[PDB]
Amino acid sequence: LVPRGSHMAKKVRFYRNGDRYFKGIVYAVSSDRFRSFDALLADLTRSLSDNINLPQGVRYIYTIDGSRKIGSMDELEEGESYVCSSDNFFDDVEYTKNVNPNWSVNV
């Protein structure tokens, strides 16, 4: 087992800034799966970038409403959605429209 973290994978959904027709990619995030926050950013750059999206790669992770930036894997919350950005501009588009909402825990 890796000697860092909790070992419990966090299921999170990643969107790419300004793209209204992007599904989001569901990641199982843990220290066993990603060496560091940087390895997660590198992985996200490869999965989310294209010739029209994230030209400088994934360098910022915002909360779904763009209120706050995430700076560690610890800051990510299970069942939450995040927006990946190449810069400091959060694009207010309908990311969450026409997506399956995650299972909300009742008990």
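Sequential numbering from 1, following the sequence displayed.
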* **Higher-scoring stretch by recorded Cα B factor average, 21-29 or 82-90** => 82-90
* To do: Could you check the entry and say whether 98-106 or 1-9 has the higher mean CA B-factor?
  => 1-9
* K69's Cα B-factor: lowest, middle or highest third of the chain? -> highest
* Structure fact -> Tertile call for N51 (CA temperature factor, within chain, third-based) is the highest
* To do: Going by the recorded CA B-factors, say which third of the chain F37 sits in, lowest, middle or highest.
  => middle
